[PDB]
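Novice: Dumping the structure here so I can ask a few things about it.
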Amino acid sequence: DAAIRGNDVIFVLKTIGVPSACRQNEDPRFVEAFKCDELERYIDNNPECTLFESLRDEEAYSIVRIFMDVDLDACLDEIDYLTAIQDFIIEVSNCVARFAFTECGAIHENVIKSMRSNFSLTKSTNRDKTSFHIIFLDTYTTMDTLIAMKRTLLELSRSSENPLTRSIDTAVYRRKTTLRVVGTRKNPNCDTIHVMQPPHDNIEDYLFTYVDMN
Amino acid sequence: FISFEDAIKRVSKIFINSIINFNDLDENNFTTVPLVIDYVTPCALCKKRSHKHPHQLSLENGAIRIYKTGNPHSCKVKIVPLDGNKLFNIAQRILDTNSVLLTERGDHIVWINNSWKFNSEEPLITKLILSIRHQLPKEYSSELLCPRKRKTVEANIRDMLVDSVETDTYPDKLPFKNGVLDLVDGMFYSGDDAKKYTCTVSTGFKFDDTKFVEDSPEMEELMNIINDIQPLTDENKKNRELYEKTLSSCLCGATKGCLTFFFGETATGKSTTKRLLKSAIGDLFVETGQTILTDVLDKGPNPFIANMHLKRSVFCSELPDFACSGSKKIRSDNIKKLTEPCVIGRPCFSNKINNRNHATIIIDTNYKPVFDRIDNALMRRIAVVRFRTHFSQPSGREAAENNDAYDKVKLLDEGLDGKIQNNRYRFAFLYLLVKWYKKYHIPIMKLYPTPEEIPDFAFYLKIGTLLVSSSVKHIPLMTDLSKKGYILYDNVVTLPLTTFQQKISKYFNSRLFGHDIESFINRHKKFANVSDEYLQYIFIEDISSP
Amino acid sequence: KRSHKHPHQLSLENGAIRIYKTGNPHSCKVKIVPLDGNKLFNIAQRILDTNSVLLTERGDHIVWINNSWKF
Ligand SMILES: Nc1ncnc2c1ncn2[C@@H]1O[C@H](COP(=O)(O)OP(=O)(O)O)[C@@H](O)[C@H]1O
């Protein structure tokens with residue numbers, strides 16, 4: 001299949017709402033392509049930038065990681081946070097494994113163990129809000145698979161009871177989707193950004209477009 | 001969406017204390033007006049005492065969130081769902097984990113105690129629910145405690161299953177009570193990893209890694225016993241190799257196309273090997289009667305074939321002598337039928353007429369085997385292993401040494417026995433079997449016939465070597481056959497019957513060859529005219545260009 | 001981990017017992033314990049604790065009545 005094909009170039013949008021023609025012509029202001037070290041250096045030089053991660057050609061290369069977004073407008077203590085996050089990760093891993101077995105035809109056990117092996121988490125500087133993005137490094141699939149799965153995720157969110165499981169946004173599974181780069185300003189006049197976590201210290205582990213099978 | 005009254009009832013039951021702002025709540029401003037709780041008792045969310053601030057309700061994602069104004073850490077957040085049967089959600093969650101499946105045979109298989117349990121008259125679904133209770137969030141265990149709710153969840157699970165899945169598709173896996181052993185590398189899976197391969201059978205005993213060790217005194221004793229039964233000499237090198245191959249083939253779950261004969265005079269240790277194998281693989285070993293080799297299978301029920309299903313080793317012992325009176329010759333059709341991937345047979349009070357064949361069939365005998373009809377098809381579906389080592393009491397030491405059957409006599413030791421029935425060499429034998437399987441069968445597993453033995457076959461083996469079929473290519477030497485005296489009447493090298501018997505008499509002694517000679521006569525009988533009893537054959541020994 | 005240098009701590013909330021490590025909770029895992037539920041389930045567990053009823057291989061159940069295993 002892909003084999004040698006492993007994504008390492010980072011395609012980035014420097015402004016929300018990019019005009020279509022400028023994207024087609026590869027404008028140097030709203031569209032750019034860096035490497036991991038290049039992107040890190042660019043972020044370091046300009047802390048006021050606003051960058052969004054997205055794919056460029058979905059008809060040629062269509063391999064990505066699994067990414068999810070959670071946003072809930074309430075703060076909570078530590079122990080409850082850990083209990084809720086472990087319950088949520090167990091539930092979502094089970095749901096994805098069941099979908100993979102039922103439709104994709106893969107192996108439930110391998111999928112669930114790969115999903116539960118390694119996962120990346122973020123945090124928000126907001127005091128009264130809890131939002132994060134979860135990216136699974138050891139799981140790979142195409143965009144249309146996630147688009148199909150969005151229904152199962154929506155019913156999972158509606159049926160469940162855990163506060164963050166109710167806060168899963170299924171709208172991100174859309175054609176020409178975008179994701180904000182961690183540690184980058186969302187608005188030009190907004191100081192709310194995403195902070196890092198002790199388990200991982202590399203940007204490579206927090207990008208869903210990075211494809212490197214092991 | 002549900003009626004507003006039901007939501008108000010739920011939110012009023014969640015708050016143990018009453019609400020003094022009950023009347024002012026309406027369908028248009030239920031998310032704007034703060035509500036006042038009379039604090040005579042601590043609130044349900046957080047105990048504390050007499051919260052000094054009111055609460056508020058918000059609607060999002062079809063759910064009602066309760067939050068207290070002020071410091072967020074003072075009170076806990078509560079979420080009220082809109083609709084959705086809780087039992088249905090629990091059933092979906094349980095079905096998600098792939099712990100229960102439906103097979104092609106119309107039965108349900110569950111996964112508990114690291115084993116694929118399977119029954120047709122028991123409610124294994126309820127046991128699975130009760131066991132899996134722990135993995136679910138704590139708000140579901142209380143519901144799962146009641147039996148009626150368990151029955152409802154089981155009904156939902158039954159309604160949610162529509163497809164069938166194949167079972168036992170891996171021929172190189174050995175299932176145990178607490179895991180699956182991989183015959184390729186010899187490393188033993190456990191826990192969930194064994195659930196990947198759907199194996200509905202098991203050896204019946206748990207697997208222990210402590211005794212699965214190459215070096216142990218029990219291993220040395222087993223090696224000594226094996227050497228005593230089968231010496232490692234140059235003569236029986238092929239015999240010992242065939243013995244090892246046949247023993248190792250009992251682990252593979254594929255289909256075997258040969259039958260092995262354990263031929264030996266008496267007290268040669270065949271029962272010892274059978275009991276060791278039984279102690280090794282457990283219940284995958286099944287002993288059956290001789291009826292299959294003597295009767296037909298289609299008519300009436302046949303519970304033996306029903307029990308043969310999916311077994312990996314079948315043993316038929318104590319073969320009666322066919323030389324004596326009342327003999328029933330072995331049915332060649334049964335032999336040809338027993339080497340097929342599917343065997344047709346019906347159980348008692350049933351309709352299934354197909355069974356999977358994964359069994360290595362081993363027949364223990366004391367005398368020579370006798371069949372009714374012999375053909376080339378039978379010669380490719382038979383094999384034999386010769387057992388020549390006596391184990392006798394020194395009281396009959398000389399009584400056995402004079403015998404020409406036994407080749408080496410040893411002391412009959414009253415040891416073993418119970419120890420073998422005590423599984424003293426259970427795990428020791430598995431290591432040797434796995435080693436032999438790696439030595440022989442890993443690239444391609446396939447058995448091979450041994451037509452050279454079974455002297456009843458020998459005549460039929462000789463004729464093909466001795467006789468050749470006349471054809472047009474024997475025309476250019478019509479002089480040579482004219483030397484023999486044959487004729488080209490009907491454009492074929494004829495052979496008078498008188499000439500044929502006078503020819504074969506000087507090379508074959510007939511009598512015991514007479515019956516099969518006559519069978520050859522009638523089977524290949526050709527009458528060109530009323531009285532020209534010619535044959536379509538050429539003797540290669542004397543008509544090798546004479 | 002090694003030796004759990006920070007002592008553990010027990011809490012009660014919503015009829016549920018919680019176990020968590022003091023100091024840095026991220027260095028350990030929180031455990032949950034339930035409360036007593038149905039009286040009938042507790043009675044069944046108490047009865048089963050005495051090993052007075054056993055299940056055989058043939059799918060039948062044997063009981064211990066009048067100082068004799070009845071099947
Ligand atoms: N290597 C050995 N060491 C000790 N005893 C042996 C050995 N080989 C055979 N025997 C004894 O010889 C007897 C042979 O019995 P059995 O297996 O029924 O032979 P057969 O099947 O030929 O009658 C067994 O009871 C066994 O105890």
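Please note that chains go A, B, ... in the order of the structure tokens, that every chain numbers its residues from 1, and that ligands are numbered from 1 in the order shown.
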Using only C-alpha atoms, find which residues of chain B lie within 8 Å of chain C and jot them down as a PyMOL selection string.

Specialist: chain B and resi 44-45+138+142+145-146

Novice: Taking only C-alpha atoms and all ligand atoms and a cut-off of 12 Å, can you tell me which residues surround ligand 1, written as a ChimeraX atom specification?

Specialist: /B:221-231,262-276,317-319,363-367,386-393,406,408-420

Novice: Would you kindly return, as a PDB file with C-alpha atoms, in the first residue's frame, each protein, DNA or RNA residue with an atom no farther than 12 Å from any atom of residue 513 (chain B), considering only C-alpha atoms and excluding same-chain residues fewer than 3 positions away?

Specialist:
ATOM      1  CA  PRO B 455       1.865 -57.711   2.103  1.00  0.00           C
ATOM      2  CA  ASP B 456      -1.711 -58.224   0.884  1.00  0.00           C
ATOM      3  CA  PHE B 457      -1.099 -55.131  -1.259  1.00  0.00           C
ATOM      4  CA  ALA B 458       2.253 -56.443  -2.499  1.00  0.00           C
ATOM      5  CA  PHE B 459       0.851 -58.519  -5.369  1.00  0.00           C
ATOM      6  CA  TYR B 460      -1.012 -55.518  -6.768  1.00  0.00           C
ATOM      7  CA  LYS B 462       4.128 -56.247  -8.364  1.00  0.00           C
ATOM      8  CA  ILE B 463       1.723 -56.545 -11.305  1.00  0.00           C
ATOM      9  CA  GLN B 501      -1.699 -68.777 -16.403  1.00  0.00           C
ATOM     10  CA  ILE B 504       2.350 -66.430 -14.319  1.00  0.00           C
ATOM     11  CA  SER B 505       2.637 -69.862 -12.668  1.00  0.00           C
ATOM     12  CA  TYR B 507       6.821 -66.610 -11.458  1.00  0.00           C
ATOM     13  CA  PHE B 508       3.954 -66.535  -8.935  1.00  0.00           C
ATOM     14  CA  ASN B 509       3.002 -69.471  -6.721  1.00  0.00           C
ATOM     15  CA  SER B 510      -0.759 -68.737  -7.093  1.00  0.00           C
ATOM     16  CA  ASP B 516      -6.506 -61.862  -6.735  1.00  0.00           C
ATOM     17  CA  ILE B 517      -5.242 -63.365 -10.014  1.00  0.00           C
ATOM     18  CA  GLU B 518      -8.813 -64.400 -10.827  1.00  0.00           C
ATOM     19  CA  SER B 519     -10.011 -60.962  -9.708  1.00  0.00           C
ATOM     20  CA  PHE B 520      -7.562 -59.429 -12.186  1.00  0.00           C
TER      21      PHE B 520
END

Novice: Using only C-alpha atoms, find the residues of chain A whose closest atom to chain C is at most 9 Å away, then write them as a PyMOL selection string.

Specialist: chain A and resi 78-80+82-83

Novice: Mind checking which residues fall within 10 Å of region 48-56 of chain C, counting only C-alpha atoms, ignoring those fewer than 6 positions away in the same chain, and posting them as number ranges by chain?

Specialist: C: 42, 62-65, 69-71

Novice: With N, CA and C atoms retained, could you export that selection as a PDB file, in the first residue's frame?

Specialist:
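again-v5.pdb written:
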ATOM      1  N   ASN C  42     -27.295  -9.346  48.400  1.00  0.00           N
ATOM      2  CA  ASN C  42     -26.418  -9.587  49.541  1.00  0.00           C
ATOM      3  C   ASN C  42     -26.696 -10.945  50.166  1.00  0.00           C
ATOM      4  N   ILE C  62     -25.726 -29.524  42.840  1.00  0.00           N
ATOM      5  CA  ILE C  62     -25.782 -30.349  44.040  1.00  0.00           C
ATOM      6  C   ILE C  62     -25.824 -29.431  45.251  1.00  0.00           C
ATOM      7  N   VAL C  63     -26.551 -29.864  46.282  1.00  0.00           N
ATOM      8  CA  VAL C  63     -26.764 -29.054  47.473  1.00  0.00           C
ATOM      9  C   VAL C  63     -26.355 -29.855  48.699  1.00  0.00           C
ATOM     10  N   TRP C  64     -26.160 -29.143  49.802  1.00  0.00           N
ATOM     11  CA  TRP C  64     -25.740 -29.734  51.070  1.00  0.00           C
ATOM     12  C   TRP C  64     -26.906 -29.622  52.048  1.00  0.00           C
ATOM     13  N   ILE C  65     -27.739 -30.657  52.082  1.00  0.00           N
ATOM     14  CA  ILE C  65     -28.928 -30.689  52.924  1.00  0.00           C
ATOM     15  C   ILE C  65     -28.874 -31.938  53.793  1.00  0.00           C
ATOM     16  N   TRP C  69     -24.676 -34.654  50.570  1.00  0.00           N
ATOM     17  CA  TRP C  69     -24.755 -33.992  49.272  1.00  0.00           C
ATOM     18  C   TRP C  69     -25.889 -34.605  48.462  1.00  0.00           C
ATOM     19  N   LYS C  70     -26.957 -33.842  48.267  1.00  0.00           N
ATOM     20  CA  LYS C  70     -28.105 -34.286  47.493  1.00  0.00           C
ATOM     21  C   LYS C  70     -28.055 -33.687  46.095  1.00  0.00           C
ATOM     22  N   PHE C  71     -28.327 -34.525  45.098  1.00  0.00           N
ATOM     23  CA  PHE C  71     -28.253 -34.135  43.696  1.00  0.00           C
ATOM     24  C   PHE C  71     -29.558 -34.513  43.017  1.00  0.00           C
TER      25      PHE C  71
END

Novice: List the spatial neighbours of residue 179 (chain A) as a PyMOL selection string - criterion: any atom at most 9 Å away, only C-alpha atoms, same-chain residues fewer than 2 positions off excluded.

Specialist: chain A and resi 51-54+172+177+181+208

Novice: For the strand (DSSP E or B) assignment from backbone DSSP, which residues of region 345-480 of chain B qualify? Please present them as a ChimeraX atom specification.

Specialist: /B:355-356,360-365,371,383-387,390-392,409-411,467-468

Novice: Quick one: write out the picked residues with N, CA and C atoms as a short mmCIF file (atom, residue, chain, number, x, y, z; two decimals), in the first residue's frame?

Specialist:
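Just written: result.cif:
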data_model
loop_
_atom_site.label_atom_id
_atom_site.label_comp_id
_atom_site.auth_asym_id
_atom_site.auth_seq_id
_atom_site.Cartn_x
_atom_site.Cartn_y
_atom_site.Cartn_z
N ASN B 355 -20.20 -32.86 9.20
CA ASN B 355 -19.28 -32.68 10.31
C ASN B 355 -17.90 -32.33 9.79
N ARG B 356 -17.21 -31.44 10.51
CA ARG B 356 -15.85 -31.07 10.15
C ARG B 356 -14.87 -32.15 10.60
N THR B 360 -6.85 -36.89 13.50
CA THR B 360 -5.91 -37.92 13.11
C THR B 360 -6.41 -39.26 13.64
N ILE B 361 -6.64 -40.21 12.75
CA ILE B 361 -7.21 -41.50 13.11
C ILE B 361 -6.07 -42.50 13.26
N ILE B 362 -5.96 -43.09 14.45
CA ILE B 362 -4.94 -44.09 14.74
C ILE B 362 -5.64 -45.37 15.17
N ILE B 363 -5.24 -46.48 14.56
CA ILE B 363 -5.85 -47.78 14.81
C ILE B 363 -4.80 -48.68 15.45
N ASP B 364 -5.11 -49.17 16.65
CA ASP B 364 -4.27 -50.11 17.36
C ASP B 364 -4.72 -51.53 17.02
N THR B 365 -3.76 -52.39 16.67
CA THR B 365 -4.07 -53.74 16.25
C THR B 365 -3.01 -54.70 16.76
N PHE B 371 -8.79 -56.34 4.21
CA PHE B 371 -9.84 -55.57 3.57
C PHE B 371 -10.63 -56.46 2.61
N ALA B 383 -1.06 -46.14 6.23
CA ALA B 383 0.30 -46.08 6.76
C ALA B 383 0.36 -46.97 7.99
N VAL B 384 1.56 -47.48 8.28
CA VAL B 384 1.75 -48.42 9.37
C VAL B 384 3.06 -48.11 10.09
N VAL B 385 3.07 -48.31 11.40
CA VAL B 385 4.26 -48.17 12.23
C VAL B 385 4.45 -49.47 13.00
N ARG B 386 5.65 -50.04 12.93
CA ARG B 386 5.94 -51.33 13.53
C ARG B 386 6.54 -51.14 14.92
N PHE B 387 6.00 -51.86 15.89
CA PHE B 387 6.45 -51.80 17.28
C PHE B 387 7.11 -53.14 17.62
N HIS B 390 9.87 -55.91 23.37
CA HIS B 390 9.08 -56.55 24.41
C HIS B 390 9.47 -56.02 25.78
N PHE B 391 8.49 -55.97 26.68
CA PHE B 391 8.70 -55.57 28.07
C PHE B 391 8.10 -56.68 28.94
N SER B 392 8.95 -57.59 29.40
CA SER B 392 8.47 -58.81 30.04
C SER B 392 9.14 -59.01 31.40
N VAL B 409 14.28 -57.33 24.33
CA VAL B 409 13.44 -57.58 25.49
C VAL B 409 14.00 -56.83 26.69
N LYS B 410 13.12 -56.14 27.41
CA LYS B 410 13.48 -55.38 28.60
C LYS B 410 12.64 -55.83 29.78
N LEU B 411 13.02 -55.33 30.95
CA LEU B 411 12.31 -55.66 32.18
C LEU B 411 10.98 -54.93 32.24
N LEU B 467 3.68 -56.26 -15.36
CA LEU B 467 2.89 -56.22 -16.58
C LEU B 467 2.84 -54.81 -17.14
N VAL B 468 2.74 -54.73 -18.47
CA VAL B 468 2.60 -53.46 -19.17
C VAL B 468 1.44 -53.58 -20.15
#

Novice: Using only C-alpha atoms, find which residues of chain A lie within 12 Å of chain B and jot them down as a PyMOL selection string.

Specialist: chain A and resi 72-78+80-81+83-84+86-88+90-102+105-113+127-129+152+154-170

Novice: Got a sec to tell me which of region 18-119 of chain A DSSP assigns to alpha helix (DSSP H), as a PyMOL selection string?

Specialist: chain A and resi 20-24+36-45+78-99+108-117

Novice: Within 9 Å of residue 296 (chain B), counting only C-alpha atoms, which residues qualify if same-chain residues fewer than 3 places away don't, as a PyMOL selection string?

Specialist: chain B and resi 291-293+299+331+333-334
